[PDB]
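# Working through the structure, step by step
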Amino acid sequence: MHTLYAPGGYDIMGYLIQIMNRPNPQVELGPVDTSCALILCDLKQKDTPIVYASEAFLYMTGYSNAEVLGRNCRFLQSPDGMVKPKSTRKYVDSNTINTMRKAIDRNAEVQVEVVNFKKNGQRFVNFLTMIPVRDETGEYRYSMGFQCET
Amino acid sequence: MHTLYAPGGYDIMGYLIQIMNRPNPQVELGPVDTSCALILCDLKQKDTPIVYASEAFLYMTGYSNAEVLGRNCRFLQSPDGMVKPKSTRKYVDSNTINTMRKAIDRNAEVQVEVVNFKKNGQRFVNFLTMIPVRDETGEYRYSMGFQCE
Ligand SMILES: Cc1cc2nc3c(=O)[nH]c(=O)nc-3n(C[C@H](O)[C@H](O)[C@H](O)COP(=O)(O)OP(=O)(O)OC[C@H]3O[C@@H](n4cnc5c(N)ncnc54)[C@H](O)[C@@H]3O)c2cc1C
Ligand SMILES: Cc1cc2nc3c(=O)[nH]c(=O)nc-3n(C[C@H](O)[C@H](O)[C@H](O)COP(=O)(O)OP(=O)(O)OC[C@H]3O[C@@H](n4cnc5c(N)ncnc54)[C@H](O)[C@@H]3O)c2cc1C
């Protein structure tokens, strides 16, 4: 992967405001800000890479900024952070992973519980929410994920 | 990360987020953003002057940025834009004007319906809501107002 990052960063705050103000929410999130564990992935770049991760996300997973950026979030699904696309995970529910995948392909809001692993190998249940986000052009370009341990 | 600062070094999006995530809301505002008529006033400057006004506010009141910045928002209480402090308004409920006043001194959220006039003198009912806001120090430094016709 050779993910590129938007020079000048991302309008995280503008996207959080966009999400809280969306007209027909399929999932209720309640108020949110940059304090939770969250990430933004680029839907238009190869294998939907992470182009931003809040500090709470790094704190929750144990990985640093350098270790997460430019990677598809699926690496958390393995205690060794090694998960090849299309692979049959041995520690994660296949239907769960397929649900996330179809929701993303369709720009449809989804919410699931997925088994994840921290950098030190510690297993936990991630209560994950993904919401598609429109950029300045008005079309879906990114996806915002909200991660919660338990 | 891209923090868009609005023309003074003001983090308007940051405060909108702060306001929507406040722990003890005394008034439901529902989601809000910069596409609505809002303004920011500096509580630590003489007579709580407007330091920021969105384009929607300027459109709704007919006044321009040069005509509103640095002024107390009470000028809308008169069809000529002239209102001296402490004065007994002749077109605005005295009780309402006092409610806003005390709420602001106490940094307490408030929502009211006040009579206002656009720059051209057109009278309209403003459904105003004011919420105190904390700056980087964690203490109330500004107040954001949400105006609705
Ligand atoms: C903003 C954002 C944040 C994210 N945050 C996280 C996070 O914190 N943690 C996390 O674990 N993931 C996270 N993800 C998810 C991750 O990036 C992948 O999207 C997810 O693993 C699903 O896509 P995939 O590419 O891995 O699918 P694939 O690798 O293709 O895997 C799909 C699996 O489903 C099975 N499958 C496929 N079709 C069917 C079918 N018809 N019936 C039954 N089984 C089927 C397959 O056998 C396969 O093993 C996030 C995604 C986004 C966009
Ligand atoms: C962010 C923000 C946004 C705002 N947006 C608007 C807006 O869109 N429109 C608008 O009109 N205002 C707006 N305001 C309010 C305005 O700027 C003033 O705060 C408001 O008019 C009250 O303060 P004052 O200084 O005018 O009070 P004063 O000049 O002191 O007037 C209060 C009035 O109440 C009467 N009064 C006082 N005490 C009593 C009493 N005990 N019993 C009976 N009567 C009494 C007085 O006789 C007087 O006429 C906004 C304020 C903020 C902070």
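Throughout, a per-chain count from 1 in the order the sequence is written supplies the residue numbers; the entry may number residues differently, and those without coordinates are omitted. Labels follow written order: the first chain is A, the first ligand is 1, and so on. The basis for every side-chain value is the complete set of heavy atoms in the structure, and neither hydrogens nor water enter the calculation.

Per the deposited record, X-ray crystallography is how this structure was determined, to a resolution of 2.3 Å.

## Points about the pairing of strand β4 (residues 123-134) of chain B
Residue and element names in this part refer to chain B. Relative to β4, strand β3 (residues 110-117) is paired through eight bridges, and the arrangement is antiparallel. Paired with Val 115 across the strands is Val 125, a residue of β4. Linkage of β3 to β4, two consecutive antiparallel strands, is achieved through a turn of five residues, within which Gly 121 is found at a positive phi near 90°. The pairing criterion is simple: DSSP has to find at least two bridges between the two strands. By the criteria applied, helices consist of DSSP H or I runs no shorter than four residues and strands consist of E runs no shorter than two, each listed in order from the N terminus. Pairing analysis gives six bridges linking β4 to strand β5 (residues 140-147), with the strands arranged antiparallel. Its bridge partner being in β5, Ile 131 is matched across the sheet by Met 144. Here β4 hands over to β5 after five residues, with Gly 138 in that stretch at a positive phi of 85°.

## Section: the UniProt feature "binding site: FMN" (unreviewed entry) in chain A
Residue and element names in this part refer to chain A. Per the UniProt record, "binding site: FMN" (unreviewed entry) is found at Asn 72, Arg 74, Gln 77, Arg 89, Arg 101, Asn 116, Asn 126 and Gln 147. You can see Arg 74 is positioned in the loop between α3 (65-68) and α4 (94-105). Relative accessibility decides the category of a residue: with a 1.4 Å probe and only protein chains considered, values under 20% of the type maximum give buried, values over 50% give exposed, and everything between is partly exposed. Among the residues examined, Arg 74 registers a relative accessible area of 12% and is labelled buried. Once you skip the residues sitting within four places of it in the chain, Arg 74 turns out to touch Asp 47, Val 83, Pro 85 and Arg 89. For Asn 116, the position within the fold is in strand β3 (residues 110-117). Contact partners of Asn 116, with chain neighbours within four places excluded, come to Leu 76, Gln 77, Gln 122, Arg 123, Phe 124 and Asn 126. UniProt positions are given in the numbering used here, feature names are shortened, and annotations may be inferred rather than shown by experiment. Whether two residues are in contact is decided by their heavy atoms: any pair within 4.5 Å suffices.

## Observations regarding the packing of aromatic side chains
Centre distance within 6.5 Å is the pairing criterion for rings of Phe, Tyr and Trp, where only the six-membered ring of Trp is used; planes under 30 degrees apart are then read as stacked, over 60 as edge-to-face, and the remainder as tilted. For the structure shown, the criterion picks out eight aromatic pairs over all chains. Ring geometry for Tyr 63 of chain A and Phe 75 of chain A: centres 5.2 Å apart, planes at 75°, overall edge-to-face. With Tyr 63 of chain A in the loop between α2 (55-61) and α3 and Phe 75 of chain A in the loop between α3 and α4, this pair connects stretches of sequence that are twelve residues apart. As far as the burial class goes, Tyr 63 of chain A and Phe 75 of chain A line up, both buried. Seen from their ring centres, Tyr 91 of chain B and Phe 117 of chain B are 5.9 Å apart, and the 75° between their planes marks the pair as edge-to-face. Of this pair, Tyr 91 of chain B sits in the loop between α3 (65-68) and α4 (94-105) while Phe 117 of chain B is found in strand β3, placing the two residues 26 residues apart along the sequence. By relative accessible area, which is 48% here, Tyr 91 of chain B ends up partly exposed. We classify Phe 117 of chain B as buried; its relative accessible area is 6%. Clustering of aromatic rings is evident, with ring pairs tying together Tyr 10, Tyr 15 and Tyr 142 of chain A. A cation over a ring is seen here: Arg 71 of chain A above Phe 75 of chain A, with NZ or CZ 4.3 Å from the ring centre. Distance and angle both matter: a charge sits over a ring if NZ of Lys or CZ of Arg is within 6 Å of the ring centre and within 35 degrees of the ring normal.

## As for a positive patch on the surface
All names here are of chain A. There is a patch of like positive charges on the surface, built from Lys 86, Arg 101, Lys 102 and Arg 106. Relative to the helices and strands, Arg 101 is located in helix α4. On the accessibility criterion, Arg 101 (44% relative accessible area) is partly exposed. Each patch groups residues whose relative accessible area exceeds 30% and which form no salt bridge, using 9 Å between like charges and 5 Å between nonpolar side chains of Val, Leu, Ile, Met, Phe, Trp and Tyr. In short, Shrake-Rupley with a 1.4 Å probe defines the accessible areas, and a residue's cover is counted only from the protein chains shown. Whenever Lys or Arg places a side-chain nitrogen within 4 Å of a carboxyl oxygen from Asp or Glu, that contact is recorded as a salt bridge. All tallies of charge rest on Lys and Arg as positive and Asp and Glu as negative; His and the ends of each chain are not included. We put the charge of a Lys on NZ, of an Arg on CZ, of an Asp on CG and of a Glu on CD.

## Regarding the interface of chain B and chain A
At the interface, 14 residues of chain B touch 15 residues of chain A. Each partner contributes to the roughly 1,200 Å² buried at the junction of chain B and chain A, and carbon and sulfur atoms together form 70% of this total. For chain B, the biggest contributors to the area lost against chain A are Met 1, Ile 17 and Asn 21 of chain B; these three give 46% of the whole. Residues adjacent in sequence count toward polar contacts only when both atoms are side-chain atoms; beyond that, a polar contact is any pair of N or O atoms within 3.5 Å, and within protein one must be able to donate a hydrogen and the other to accept it. At the surface where chain B touches chain A, the tally comes to three residue pairs in polar contact. As a working rule, the residues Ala, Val, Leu, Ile, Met, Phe, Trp, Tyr, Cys and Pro are called nonpolar, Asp, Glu, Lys and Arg charged, and the rest polar, with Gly in that last group. Taken together, the residues that form the side of chain B that touches chain A break down as eight nonpolar, four polar and two charged. By definition, the buried area sums, over both parts, the 1.4 Å-probe accessible area that each loses when the two are put together.

## As for the sheet that holds strand β2 (residues 50-53) of chain A
All names here are of chain A. Strands sit in the order β2-β1-β5-β4-β3 across an open sheet of five strands; the sheet is antiparallel. Here the strands that pair on one side only, and so sit at the sheet edges, are β2 and β3. Averaged over all adjacent pairs, the angle separating strand axes in this sheet is 30°, with direction ignored. In this sheet, strand β5 (residues 140-149) lies alongside strand β1 (residues 37-42) in antiparallel orientation, the contact comprising six bridges. Looking across to β5, one finds that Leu 38 is bridged to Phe 146. For helices, the fitted line uses only the C-alpha atoms of the stretch in contact; every axis is such a line through C-alpha atoms, and the angle between N-to-C directions lies from 0 to 180 degrees.

## Let's talk about the site of ligand 1
Residue and element names in this part refer to chain A. Around ligand 1 lies a shell of 25 residues, among which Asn 72, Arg 74, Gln 77, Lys 86 and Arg 89 are the nearest. Note that an oxygen atom of ligand 1 is positioned 2.7 Å from one of the side-chain N or O atoms of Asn 72. Contacts to ligand 1 include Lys 86, whose backbone N or O atom sits 2.8 Å from an oxygen atom. Here ligand 1 loses 80% of its free accessible area of 1,000 Å² to cover by the protein chains. Mapped onto the shell around ligand 1, the elements with two or more residues apiece are β1, α4, β4 (123-134) and β5. The element best represented in the shell around ligand 1 is α4, accounting for five residues. Grouping the constituent residues of the shell around ligand 1 by class yields ten nonpolar, eleven polar and four charged. Whether a residue is near a molecule or strand depends on its heavy atoms: if one lies within 4 Å, it is near.

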